[PDB]
Each structure stands twice: as C-alpha cells, then as structure tokens.
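Novice: What the sequence shown shows, in the authors' numbering, is residues 602 to 615, 618 to 1157, in sequence order.
Virtual Cβ for every residue (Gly too), placed ideally from N, Cα, C.
For reference, the structure I am asking about is given below.
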Amino acid sequence: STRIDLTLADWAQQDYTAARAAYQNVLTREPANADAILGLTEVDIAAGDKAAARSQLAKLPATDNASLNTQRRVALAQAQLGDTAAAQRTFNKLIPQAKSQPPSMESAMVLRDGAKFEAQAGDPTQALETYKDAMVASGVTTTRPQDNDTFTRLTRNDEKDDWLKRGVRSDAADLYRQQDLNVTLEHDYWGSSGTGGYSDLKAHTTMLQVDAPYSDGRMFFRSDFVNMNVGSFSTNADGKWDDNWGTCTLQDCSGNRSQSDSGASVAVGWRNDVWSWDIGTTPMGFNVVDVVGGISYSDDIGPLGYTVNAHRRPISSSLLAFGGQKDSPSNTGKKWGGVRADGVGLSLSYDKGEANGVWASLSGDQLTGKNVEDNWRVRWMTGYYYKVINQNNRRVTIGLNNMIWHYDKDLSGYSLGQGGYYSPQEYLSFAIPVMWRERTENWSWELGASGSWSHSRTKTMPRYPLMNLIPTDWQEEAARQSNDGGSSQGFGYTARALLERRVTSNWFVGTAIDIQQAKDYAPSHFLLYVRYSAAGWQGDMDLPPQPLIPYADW
C-alpha cells in the first residue's frame, strides 16, 4: 500500500538504501507520486548526491496546487541544491499565505524556515520580522511583539514547551544577538610572586572591544593598554647586584635598578559559525614588537566536532618573554627577549547534551625571539566531564582532565640568551575539576575548583647559550656556568568565580577572579568589566558569563 510504503521510507530519516528502495517501489504503482520523488531527492542529497538531486527535482509536477508542507520541502531542497532564486520566490509566495492562516504547525515551520532563509539570503531585518510572526504562529505569544523588550523576553527558555517552540525561541534569540552591536570595557589586574627586578610581576590591562555584525558573522575591533612592573633589584653593596639576570653573573650590574614598561596594542578580526580569523600587533612601546594573529576552521565529522587552527601569539608569562628587557648599561646594554610562539593546533569534542562529554586537543609550536635561543614545543590536553545536574538553567559537573607537555630546551632562566619562560622537558598533570553554573532573571554566576597532581622534569642547560653576544673577555667565564636541572612532583589547586548582573536592558556589569596554584607558574587574574548593548538584551543571559580575554592570551 502507498501509505505504508511512504511511511517506511520516511520513518528512517527522523537510512538511505531502504528509503530509496521504498520510494522506488511507490514509483512503480504511481509514477506521478510527488511525495515519493521528494523523499527520493531528500535521501539522495542526504547522501551528498547534489548533482543527481537537482536533476531529479525537475521531474516533479508543477505547483499548480500543493500543500504548504510540500512547497516548504521543495523550497528547502532548491535552496540547498544551489538554486537560490527559485527558493526565494517560493518563500516570497509562501510567507503571506502562512501569515493569513491561523496558528498551525505547518505555517509555523514555513515561517521559521522562511526567516532562516531570509537571514541567509542577506536580509536579517526581514528575518527578524518573520521570526516575530512565527512566534505568533507557533503559539509562543497570542499577540505580536511590538517592541524589542517583549520580543526578547519571549525568547527566554521554557521547560514545558515542545521542540517547535524551543527551536523558534533559540533561533530568534541567536539571530537577534548576532545582529546586535556591543561595546565592552574591561580592566584586568594580574600577576604572580617572584624576585624583584625580573619576576615580581604586577600588570594592569585595560581592554576596549567593539563587536558589530557583518554577513552571517561578527567583526571585532580590540584595543589593549598593558602596564608591567617587576620591582627593583636588591643591591648587595656599592650600588651593584649580581642576580641571575642578563650578564650580571659575570660582572656586577648597575644603572637599571628599576624595571617596568607599558604599551598599547590593536587587533581586528572576524568570526562566524565555521571560519574565524584575527590579526593584530604586540603592544607598541615595549622593547620588541611583532605582528601576531591567527586563523581557525571548525566542522563536524561523524559524531565528533573538530577544529583546526594556525596562529602566532606572544608569551605573556613574564616581562622578558612578553616585551623583552635590556641588559644593564654597564655591562653590555644589549636588548633581548620577546618570545613569539607560532604553530598549529587540532581539537576534537563530543557532547550531545546528555550527561557525559569529552574533549581533546593537540598543538605544536615553535618559540623564537630576539637574541633568544630557538625552541619548539608539543602539547597534549584532554578532558572528560559528567553532568550531575543538567537543567537548562543550572549545570553541575565533576570530571577528570589530563595534560602532557614537552619542550626541546629549558630556557626558564633570565640570563642573556634565555627567554625566561617555563619550558620543562617532560611535564604531566592530572586534575579533577568541579563546576557549577547557574543563571537567574537578573543574576548569572559560575563557580569552579580543581585539585591536581603534576610532575615535571628539566634538563641541565648552559647559562649563556648565545655565546656570540658575550664580550670576548667574559667568554671563558660564560662557558663555565650552567643552570642545574631537576625533577619535582606535587599537588596543586585552582579556583575560579564568574559573576554577572543586568542592571539595565543596555547595561551589564561583571567581575571575574582566577586563582592559579597548580605549580604551573601561571599568573592570577582579577577583572571588572562593563558591557553596553545598543538594542538591549532582556532574554536569558550567557551561561557562563563571558568576560573579555587579553589579546596576548589568545
């Protein structure tokens, strides 16, 4: 029977061979069956046979009289087959007809996919109007939302609604947020303990970001002002010090007792659901400035979602690594530092919304700087998390993470020729993160903690690898000094807290605390940020809150 033969083929797709055979079987009894040929085309293009599908679709009878559901499928197929004009005219004919009819599932789907197509067609405003009409059609609201506030508040999530209403809400909210214009200003105070003069780091960073829509994506302009202070050297006597910094180990230094520097950087970039790219500069005003940037591509493969990126970034772990330092004017006066890491990375993830989720990442970078020994690194990271609580407004998870690092050379020292950044020969870390995210009508927050165990080893390294920089007289001394290697393992912990409050439709404020004690020498951060939305966002806030990230940390 035609009905059951059609049903058997259709049930699979909500899958190729059986459905195609069933559709062909219906084609024997009734060669003019429009639904059978539509299903055959759908299954063919689901297999990626676009070239055959576009030829098959032309065999359908004319649209002299057909239901809205069939015309919606035809329009979607034509749009995805690459014939945008026929789909555009079909939707232009369909949408007023959908509006004229009372609220129904057919008309709701027609308006939803029409809004989606119009958003892809290059008319986001008409897409927003069509979404406004679709919410009326889908039963979300009895009356059309006349202003941005009532339009946005209807997009808040609902636990009792069906799939159609939830999809309409999610799509309307996503499009509205994509079309919004945002201005964010954030202040970061960060640093870590160390030795005064080269490692007693305290830094301030003021970040200004403008986010605007462009095509289906968003473009961003970013400006960063960063000030780094590392204290002053402790003089032993006669106004001289002999710390393990620069060439002071060969001759007691003088002159540059205090060390600090500030600079401004710019960045411009763009990002969409698939592609992302960004280019900018190292903060101008430091000793050494280099151009940095990155590009990234993301796509789904099977059940997994993968991302491949290539980037060049600075290292902000210390002043010598980020902006570089100058040797004391009494000994050499030469400039050195400014380590840049350029390389590639590939990441995979799996999360279908259920209780379990996994992710992994691998990266390979080359580290090169001004008068700094060349280096390279390979890094592996992975994580798994089980969601104890997985409500749409409240998530509580506990998981296990693993990290493995290897570096070619250990250049953690601050002597001339070394970059002063952490670089172990073999590092392993296992952590157990516990996380809780929640949001309310006007409050959103995230709390996180993690205990970890880490092992690290570093090899013996010469103190002055760049022998040509050392003066001829000190040569015999410089070859006789080396930094002793060693291995160490132990426990550590990290904690984080994010909070965000909506005080006005166009005004959001938030604070973030990041404490690092996992024996990784990472600096601790404390930031306050304010965000202004031109159109206003009265719907559900971000979960978690999403503060800005310093451009040097990308």
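Identify whether residue 778 lies in helix, strand or coil by the three-state DSSP scheme.
Specialist: The sequence position of residue 778 within the sequence shown is 175, counting from 1. Reduced to three states, the DSSP call for residue 778 is helix.
Novice: Specify, as a first and last residue, the run of the alpha helix (DSSP H) that residue 616 falls within.
Specialist: In this structure residue 616 is absent; the chain steps straight from 615 to 618.
Novice: Which one or two residues does DSSP pair with residue 1056 in a beta bridge?
Specialist: By one-based count along the sequence shown, residue 1056 stands at place 453. Its beta-bridge partners are 1033, 1094.
Novice: Following the continuous beta strand (DSSP E) through residue 744, name the residue where it begins and the one where it ends.
Specialist: The residue given as residue 744 occupies position 141 in the sequence shown. That residue, residue 744, is in no beta strand (DSSP E); it is neither H nor E in DSSP.
Novice: Here's a check: name, in chain order, each residue in its chain whose Cβ is nearer than 6 angstroms to the Cβ of residue 822, leaving out the five neighbours to either side.
Specialist: Here the question's residue 822 lines up with position 219 in the sequence shown. If we look at residue 822 and ignore the five residues flanking it on each side, its Cβ neighbours are 815, 873.
Novice: Going by the DSSP bridge assignment, what does residue 1117 pair with across the sheet?
Specialist: Stepping through the sequence shown from its first residue, residue 1117 is reached at position 514. For residue 1117, which the question treats as bridged, DSSP gives the partners 1099, 1128.
Novice: Which residue marks the beginning of the beta strand (DSSP E) containing residue 804, and which one marks its end?
Specialist: Along the sequence shown, one-based indexing puts residue 804 at 201. 804 to 817 is the span of the beta strand (DSSP E), which, as asked, contains residue 804.
Novice: With C-beta atoms as the reference, is residue 941 less than 9 angstroms away from residue 916?
Specialist: Start at 1 with the first residue of the sequence shown, and residue 941 comes out as number 338. Start at 1 with the first residue of the sequence shown, and residue 916 comes out as number 313. Their beta carbons are not under 9 angstroms apart, which means residue 941 does not touch residue 916 by this criterion.
Novice: Can you tell me whether DSSP reads residue 847 as helix, strand or coil?
Specialist: As a position in the sequence shown, residue 847 is number 244, starting the count at 1. In this structure, residue 847 counts as coil in the three-state DSSP scheme.
Novice: Compute the Euclidean distance between the alpha carbons of residue 914 and residue 881, then round it to the nearest angstrom.
Specialist: What you label residue 914 is simply residue 311 of the sequence shown in a count that begins at 1. What you label residue 881 is simply residue 278 of the sequence shown in a count that begins at 1. If I take the Cα positions, the gap works out to 9 angstroms.
Novice: Considering only residues of the segment 630 to 655, which uninterrupted alpha helix (DSSP H) runs meet the minimum length of 4 residues and lie entirely inside it, listed in chain order?
Specialist: If only uninterrupted alpha helix (DSSP H) runs of at least 4 residues are considered, those enclosed by the segment 630 to 655 are 637 to 649.
Novice: Between 1150, 1129, 937, 1139, which has its C-alpha nearest residue 794's C-alpha?
Specialist: Your numbering for residue 794 matches position 191 in the sequence shown. Of 1150, 1129, 937, 1139, the residue nearest in Cα terms is 1129.
Novice: From residue 1106 to residue 1045, what distance separates their C-alpha atoms?
Specialist: The residue you call residue 1106 lines up with position 503 of the sequence shown. The residue you call residue 1045 lines up with position 442 of the sequence shown. Approximately 8 angstroms, taken between the alpha carbons.
Novice: Residues bridged to residue 831 by DSSP?
Specialist: Here the question's residue 831 lines up with position 228 in the sequence shown. Its beta-bridge partners are 806, 864.
Novice: Taking just the CA atoms, how far does residue 827 sit from residue 1001?
Specialist: Working through the sequence shown from its first residue, we reach residue 1001 at position 398. Working through the sequence shown from its first residue, we reach residue 827 at position 224. Answer to the nearest angstrom: the Cα atoms are 35 angstroms apart.
Novice: Just the Cα atoms here: how many angstroms apart are residue 934 and residue 1103?
Specialist: For the purposes of this step, residue 934 is identified with residue 331 of the sequence shown, where counting begins at 1. For the purposes of this step, residue 1103 is identified with residue 500 of the sequence shown, where counting begins at 1. The straight-line gap from Cα to Cα measures roughly 51 angstroms.
Novice: So, for residue 854: in the same chain, excluding its five sequence neighbours on each side, which residues have a beta-carbon less than 6 angstroms away from its beta-carbon?
Specialist: The count along the sequence shown starts at 1 and reaches residue 854 at position 251. Excluding sequence neighbours, residue 854 sits near 934.
Novice: In its own chain, which residues sit with a C-beta less than 6 angstroms from the C-beta of residue 1051, not counting the 5 before and 5 after it?
Specialist: For the purposes of this step, residue 1051 is taken as residue 448 along the sequence shown, with counting starting at 1. Excluding sequence neighbours, residue 1051 sits near 1038, 1099.
Novice: So for residue 611, helix, strand or coil by DSSP?
Specialist: Counting from one through the sequence shown, the residue named residue 611 turns up at place 10. Helix.
Novice: For residue 922, report the span of its beta strand (DSSP E) as first-last.
Specialist: Your numbering for residue 922 matches position 319 in the sequence shown. Unbroken run through residue 922 is the alpha helix (DSSP H), 922 to 925; no beta strand (DSSP E).
Novice: Sort out for me which residues DSSP pairs residue 983 with in a bridge.
Specialist: As a working mapping, residue 983 is identified with position 380 in the sequence shown. Partner(s): 965, 1007.
Novice: Straight-line CA distance for residue 565 to residue 863?
Specialist: Here the chain covers residues 602 to 1157 and nothing more, so residue 565 does not appear.
Novice: In the DSSP assignment, find the unbroken beta strand (DSSP E) run with residue 915 in it and report its ends.
Specialist: Within the sequence shown, residue 915 is the residue found at index 312, counting from 1. 907 to 917 is the extent of the beta strand (DSSP E) around residue 915.
Novice: Only counting the same chain, and skipping five residues up and downstream in sequence, which positions put a Cβ closer than 6 angstroms to that of residue 1133?
Specialist: For the purposes of this step, residue 1133 is taken as the residue at position 530 of the sequence shown. Excluding residues within five positions, the ones whose Cβ falls inside 6 angstroms are 788, 1112.
Novice: Do you know offhand how far residue 973's Cα is from residue 781's?
Specialist: Position 370 of the sequence shown, counting from 1, holds the residue named residue 973. Position 178 of the sequence shown, counting from 1, holds the residue named residue 781. Spanning the two alpha carbons is a distance of roughly 41 angstroms.
Novice: Buried or exposed for residue 1024, going by 16 or more other Cβ atoms inside 10 Å?
Specialist: In the sequence shown, the residue the question calls residue 1024 occupies position 421. Label assigned to residue 1024: buried.
Novice: Quick check for students: name the residue ranges of the alpha helix (DSSP H) that lie wholly in the segment 746 to 771, counting only runs of 4 or more.
Specialist: 751 to 756
Novice: Starting from residue 942 and walking both ways along the beta strand (DSSP E), at which residues does that stretch end?
Specialist: For this step, residue 942 is matched to residue 339 along the sequence shown. Element bounds for residue 942: 938 to 953.
Novice: Apart from the five residues on each side of it in sequence, which residues of its chain come closer than 6 angstroms, Cβ to Cβ, to residue 740?
Specialist: Against the sequence shown, residue 740 aligns to sequence position 137. Excluding positions up to five away in sequence, the list reads 706, 710, 711, 714.
Novice: With residue 714 as the anchor, note down where its alpha helix (DSSP H) starts and where it stops.
Specialist: Residue 714 sits at position 111 when you count from the first residue of the sequence shown. Where residue 714 is concerned, the enclosing alpha helix (DSSP H) stretches over 708 to 724.
Novice: Which of the three DSSP states is assigned to residue 1079 in this structure?
Specialist: For this step, residue 1079 is matched to residue 476 along the sequence shown. Note: residue 1079 maps to helix in three-state DSSP.
Novice: In this structure, does DSSP put residue 1073 in helix, strand or coil?
Specialist: Taking the sequence shown and counting its residues from 1, the one referred to as residue 1073 is at position 470. Three-state result, residue 1073: coil.
Novice: Pairs of beta-carbons, one from the segment 790 to 805 and one from the segment 748 to 760, closer than 8 angstroms: are there three or more?
Specialist: no
Novice: So, is the C-beta of residue 1117 closer than 9 angstroms to a C-beta in chain D?
Specialist: Absence of chain D from the displayed structure is noted, only one protein chain being present.
Novice: Does the segment 828 to 840 come close enough to the segment 895 to 911 that 3 or more CB-CB pairs lie under 8 angstroms?
Specialist: no
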